[PDB]
Structure formats: C-alpha cells, structure tokens
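# Chain and residue survey
Take a look at the letters that make up each chain.
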Amino acid sequence: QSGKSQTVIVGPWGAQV
Amino acid sequence: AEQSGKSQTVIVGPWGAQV
Amino acid sequence: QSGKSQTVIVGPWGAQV
Amino acid sequence: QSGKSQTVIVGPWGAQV
Amino acid sequence: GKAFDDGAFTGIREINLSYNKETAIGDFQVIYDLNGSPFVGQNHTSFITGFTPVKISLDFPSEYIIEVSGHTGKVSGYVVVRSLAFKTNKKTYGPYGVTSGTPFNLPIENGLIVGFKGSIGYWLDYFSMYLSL
Amino acid sequence: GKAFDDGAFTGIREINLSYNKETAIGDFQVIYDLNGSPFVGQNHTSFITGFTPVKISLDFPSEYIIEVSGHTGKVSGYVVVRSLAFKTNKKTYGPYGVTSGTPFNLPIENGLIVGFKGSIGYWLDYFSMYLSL
Amino acid sequence: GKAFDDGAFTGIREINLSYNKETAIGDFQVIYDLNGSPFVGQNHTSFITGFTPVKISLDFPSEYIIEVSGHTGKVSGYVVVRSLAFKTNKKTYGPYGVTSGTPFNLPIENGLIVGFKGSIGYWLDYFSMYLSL
Amino acid sequence: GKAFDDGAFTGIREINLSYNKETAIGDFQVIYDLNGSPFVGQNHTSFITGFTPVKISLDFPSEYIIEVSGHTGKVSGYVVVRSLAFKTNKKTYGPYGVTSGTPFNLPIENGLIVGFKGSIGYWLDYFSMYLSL
Ligand SMILES: OC[C@H]1O[C@@H](O)[C@H](O)[C@@H](O)[C@H]1O
Ligand SMILES: OC[C@H]1O[C@@H](O)[C@H](O)[C@@H](O)[C@H]1O
Ligand SMILES: OC[C@H]1O[C@@H](O)[C@H](O)[C@@H](O)[C@H]1O
Ligand SMILES: OC[C@H]1O[C@@H](O)[C@H](O)[C@@H](O)[C@H]1O
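Chain by chain, residues are numbered from 1 following the written sequence, and this numbering need not agree with the entry; no residue without coordinates is displayed. Here every chain gets a letter starting at A, and every ligand a number starting at 1, in the order they are written. The basis for every side-chain value is the complete set of non-hydrogen atoms in the structure, without hydrogens or water. Residues with missing side-chain atoms are left out of burial classes, side-chain pairs and their counts.

Per the deposited record, the coordinates in this entry were obtained by X-ray crystallography to a resolution of 1.6499 Å.

Below you can see the structure in the form of structure tokens.
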C-alpha cells in the first residue's frame, strides 16, 4: 500500500517513452 | 450508490458506428 | 452526469440529522 | 500492477487473526 | 474457522443466513447481482447445526443496503460475530443472533456493498465487506 | 446490429474473435475472470459466416491488456470496426481484420479493461470498454 | 452545529483536533495530501473553548490510517462524538476524549481515508469519511 | 521534453493551451475543480515561443468534457501532439493546431477527466488523462 490514492490513467498519446 | 443498487464503472467508447 | 468526481463515503457516526 | 481488479474492503469485524 | 471470500460483484439480491438466539451467527450465503443476473454465492456453513435460517430477499435494484451493524463477543472462548442487522433504504432486517458484546456499525453515505468475505467455524468468526460506487 | 453488454468483471482470461481480411471484425466473445475463476461470456455472433476465428489466451493474471487499437470505416455502407489489436505487457495479438479507415487506440497507463459492450450485425458495429483499478 | 465538508484528496498528512476529558471532541482540522503537496483544510472549530489540542503528524505516505474508532453518546442532551482513536500501520494515536457510550470502529482492509466531513457545535456532532483505492 | 504531472482532482474548470498552426501544441495549463473551489494548475511551457493562446472556460459543473480528440505526428523529427479538440456536452472547442498525422479520440461514455500529465519540449510530446467516476 502506497499511502496515496490511485486513479485510472489512459494514454499516453504522442511520443512513446 | 446513493441512487441505484447497481455498481458503476468507467466506460470509454464507443468506437465505430455512432448511434 | 454531475460533472464532479465522486467517492465512497462511510458514516455518519454521531448524531443522525 | 496485477491483472486483477481491486475494490475497497472494510473490516474485519470479529476475531482478529 | 474456515475462511471464505466471495469477491466483488455488481450488487446484492438475497442474503441467506442462520443464527442462534443463545450463541451467534452461523451460516452465511449470498445471491449477488452480476451485471443484471443473479450469481449464486457458495454456502458458507457452520460446523454445527441448531441454527434458525432467515432469507433476506431484497427488491433489487430499487432496494439496497445502507447500513450493516451487529455485535462481536466471546462464545465458548472464541471471539465471534454474535449479531447482524441489515438496514436498507426500505426496511430493517434483524437483528439476528445475540445483541450482546461490542457493537459495530457501518453506515454507507455513498456507495454500495458488493461482496463479503470472512470465516466460519462453529460460528461466524469475522467478516469484511467490499465497497464500491 | 444486435446490441450486447457483457458488463464488468475482475479481469480478462481469453478473447475469442473472428475476422475477414476483406471486410471487418465479425464474432466476439470473452472469457472473463470473476474473483479468481473463469466466467464464460456470451458468444456475440455475426449474422453471416466466412470469418477466420482466433483465440487469444492470456496468461492471467501475470499477462493483461495494456492497449487496444484498431480501425473503423465503412463496409457495404455501414460504419463498422474493421480491425482490432490487443497489446499486453507480454506481446501483441493482431491486428485482426482490415487496417483501413480511421485508426483509434486506447493505451492504459494505470488500470484494467474488465468488460466489453457493443453491437454486431454483419460485422462489429461498435464497442466500448469498462475500465477499473 | 455547523456542518463541514472538506471533500476528497490524495491522502492525509496531519490531523489537528481538540478534546475535553469530561465532554467530547471539539475542534477538528486536517492537512491533506494533494498530489504530493500539503493542502491545509479549513479549521473547524467548536462554539466554545476549554479543549485540549493534539497534533497527529503522520509520516506520509509510508504511514497511513488503517482503523478509526471512538465513542458516541449524549452530552447535555446532544448525541456527539465523545472520543476518537486513529490507528496507523505504525502506531496508535488516542483515544482522545471520553471513552464512554456506544463504540464504533472502522478498520480498512484495502483502501485509504482521503477526506472528512461532519458537523461541530459545542462538540463534534457527527462525522463521515471519504474512502478510495 | 520536460515531464509534467498535475495529478488528480474533482473536475475541470478551464484549459489554457497554446498552439501553432504550422507545428503543434505548445503550452498547457489547467484550472481544476477541487471540492468546489478552483485549483490553479502549474503552467507547463514550451521551450520556445510564437504560439497562439486559447482559453477554454467551461461552465463547471454542468458543462464537462465527453470526448478528447486530436492528431499525433512528426515535427522536426519528433513525434508530438499536433492538434487537440475538446468536446463537452455543450459544444466543441477546437481543433487547435495542425489536423494531420495519426488521429486519436477518447470518447467517455461514463466517467470524468480529472487530471492531465505529459511532457513538453518544443511541443507537447505526449499526454495522458486521469479518469474517475
Ligand atoms: O467459530 C468459533 C471457532 O469454531 C471452532 O470450531 C473452530 O475450530 C475455531 O477455529 C473457531 O472458528
Ligand atoms: O454490421 C453491419 C450491419 O449489418 C446488418 O446486418 C445490420 O442490419 C445493420 O444494422 C448493421 O449492423
Ligand atoms: O455540539 C452539540 C450542540 O452544540 C450546540 O451549540 C448546537 O446548538 C447544537 O446544534 C449541537 O451542535
Ligand atoms: O517537443 C519536441 C522536442 O523538443 C525538444 O526541445 C526536446 O529536446 C526533445 O526532447 C523533444 O521534447
């Protein structure tokens, strides 16, 4: 457990790094 | 939740025919 | 449809208005 | 991360093993 | 006790439990909603009999649990779940069992209960609840 | 087409789809994970045949989808899903179908795909995905 | 009393509350985490004075709350929160206040407290907590 | 380019971006909602100037983004975000920039965008979006 809230993230769009 | 007895989920889309 | 994020809320403990 | 979804869990109430 | 964990679903349709007015909660089983159809959970059974069964049939999805409460305390030297009560937006079901010991209560202001896990020996040893939006 | 909605689950174990290299995606079916056991989703079938079937069997739970991509465009006057590709943390499955038309892509940086909905007539008309943590 | 609602954040850095060993909880204020930086919540203050302050400075993010407990009961005719205790994965803070009345406790098996709301008059009338993954 | 990450909030009130009609997106900044009050995100800036600014002021919360679309492609050898369009339940803002290259689009059937992250050098290299219920 990180102690920090999590959310869904979509992406990235653009350069792939 | 504070409305319906049915769980919710993020939904993305639709891709394809737009109806 | 509210435009605002929502979260699970548990409670209240204490007086019940 | 894992390939399995997760949800909030509250508890346990009762014996604390 | 024997641990159990139903996991998470999209709602609750029916709870089948048993209790004894001298001891504690015994058997516990749930019919969940899964994407609009019933999903029948495993029956989690006490090692013993002598319990009184009760069927809590909810008017899903109009009716849903908004508070779960009960008592924990020692029976025959074991800390167990002695009573349970389920309050919905329509009605209260229970209390079932013995309302003595340490009370607990979980009111839900926003969200839904969508799963149960726990352990049952002679009696329900403990339980936890899955919550979601 | 005939609409479908599988709803949401706890993960994905297998995707069974069919395609035709001259037209588009046809059949679509998913074996989901439901709290650690397979849940066999309904077969969603094209009105016609002549498709090539493919079985995408994932090493669940170590392997999971991290990007879904494809193409949409007109076949016989209907806007449909012409190609699909599923990228996991292990490898790429696809593309299946015809990679012509407007591309789309959904990379998932944090989270999981846990459900599909859509519609199929002659071909897959459209689809959407359920996402969760 | 005067209602308050801090809303939801990324985590908790510090809780500053006050209590009286003959009555109940008084003042309540929280320093939240907001995407890696402190966010100072409004000071929610009792209508009266005479309380003893305590500062709960958590080692965020490695230290986080895993159980909140306390008591509710009547003071001068009003149902109020008489005591609070915060258990983290490192230590226990409290109980603060009067440990008499009806106990409550919220253990969190999976998830995080990320917000508080409630009401304060002479004393903390009630409170609720925002939960997330 | 320089990575940025605003983290997650309650909603979106205003997007301030800049663009050049011969290259791509440049500067990017967001005023979020945080529990009913504005939170001003950091200004993320291109390494260069010559951009045209636009202010996208949403009627939060009744107006919210339901689809984000745009193009990616090469500018001076670098893959960058060449255009952006933001569709709300009220209207469409954009496209801003150069509408050529590989299109992308993210329609949201259920949920909300509550944060942005990415990287900016000469131009916006890439971006991702935080989604919630
Ligand atoms: O239910 C109370 C107890 O019941 C016994 O049968 C079991 O061996 C114990 O582990 C405990 O579960
Ligand atoms: O899939 C393409 C089309 O297939 C037809 O059979 C159907 O009637 C149309 O509504 C559309 O679904
Ligand atoms: O805190 C206990 C009470 O305190 C009083 O000052 C207030 O008028 C009541 O509404 C109630 O809040
Ligand atoms: O934006 C396009 C490029 O801009 C440059 O200034 C930077 O050095 C590259 O890493 C890349 O970000």
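That shown, we press on.
### Concerning the site of ligand 1
All names here are of chain E. Around ligand 1, the neighbouring residues are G1, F47, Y78, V80, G121, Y122, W123 and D125. Pairing of N or O atoms within 3.5 Å defines a polar contact, subject to two protein rules: one partner must be a possible hydrogen donor and the other a possible acceptor, and residues neighboring in sequence count only if both atoms are side-chain atoms. At 3.0 Å from an oxygen atom of ligand 1 is found a main-chain nitrogen or oxygen belonging to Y122. Contact distances for ligand 1 include 2.9 Å between an oxygen atom and a backbone N or O atom of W123. Taken by itself ligand 1 offers 310 Å² of open surface, and the protein chains cover 78% of this. Each residue is assigned to one of three groups, with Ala, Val, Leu, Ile, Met, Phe, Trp, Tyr, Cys and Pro labelled nonpolar, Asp, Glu, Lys and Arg labelled charged, and all others, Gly among them, labelled polar. Looking at the shell around ligand 1 residue by residue, the class counts come to 5 nonpolar, 2 polar and 1 charged. Here a residue is near a molecule or strand as soon as one of its heavy atoms is found within 4 Å of it. Only the protein chains shown count as cover for residues, and the accessible areas themselves come from Shrake-Rupley with a 1.4 Å probe.

### Some details on the pattern of salt bridges
All names here are of chain G. Salt bridges, as used here, are contacts in which a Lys or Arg side-chain nitrogen is within 4 Å of a carboxyl oxygen on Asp or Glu. On inspection of all chains with the given rule, the structure shows 17 salt bridges over all chains. One salt bridge connects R13 with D33, and the closest N-O pair in it is separated by 2.8 Å. Note that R13 is positioned in strand β2 (residues 11-19) and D33 in strand β3 (residues 25-34), a separation of 20 residues in sequence. Segments assigned H or I by DSSP are reported as helices when at least four residues long, segments assigned E as strands when at least two residues long, and all are numbered from the N terminus.

### Section: the interface of chain C and chain G
In this description, contact between two residues means that some pair of their heavy atoms is separated by no more than 4.5 Å. The partner chain G presents 15 residues to the 10 residues of chain C that form the contact. Carbon and sulfur atoms make up 73% of the surface buried where chain C meets chain G, a total of about 1100 Å² over both sides. On inspection of chain C and its partner chain G, the count reaches 0 salt bridges. Class assignment for the residues of the side of chain C that touches chain G results in 7 nonpolar, 3 polar and no charged. Bridge count for strand β1 (residues 8-14) of chain C against strand β11 (residues 124-132) of chain G is 5 bridges, and the pairing is antiparallel. By the bridge assignment for β11 of chain G, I9 of chain C is matched with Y130 of chain G. Buried area is a sum: the accessible area each of two parts loses on coming together, probed at 1.4 Å, counted once for each and added. Two strands qualify as a pair provided DSSP detects at least 2 bridges between them.

### Notes on the pairing of strand β6 (residues 65-75) of chain E
All names here are of chain E. Direction of pairing for β6 relative to strand β7 (residues 78-88): antiparallel, over a ladder of 10 bridges. Within β7, the residue paired with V68 across the bridge is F86. Counted along the chain from β6 to the antiparallel partner β7, the turn is 2 residues long, and its residue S76 has a positive phi close to 50°. Across 6 bridges, the pairing between β6 and strand β9 (residues 102-110) is antiparallel.

### Some thoughts on the interface of chain E and chain B
With 16 residues of chain E in contact, the opposing surface of chain B contributes 8 residues. At the level of secondary structure, the elements contributing two or more residues to the side of chain E that touches chain B comprise β9 and β10 (112-120) of chain E. The residue makeup of the side of chain E that touches chain B, split by class, is 7 nonpolar, 7 polar and 2 charged.

### Observations concerning the site of ligand 4
Residues and elements named next belong to chain H. Ligand 4 sits among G1, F47, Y78, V80, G121, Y122, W123 and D125. In this structure, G1 approaches ligand 4 through a main-chain N or O atom, which is 2.9 Å from an oxygen atom. Within the backbone of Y122, one N or O atom sits 2.9 Å away from an oxygen atom of ligand 4. For ligand 4, whose free accessible area comes to 310 Å², the fraction covered by protein is 78%. Taken together, the residues that form the shell around ligand 4 break down as 5 nonpolar, 2 polar and 1 charged.

### Quick notes on the arrangement of the chains
Chain A shows no contact with chain C. Their nearest C-alpha atoms sit 11 Å apart. At the level of C-alpha atoms, the two units chain A and chain E stay apart, their nearest approach being 14 Å.

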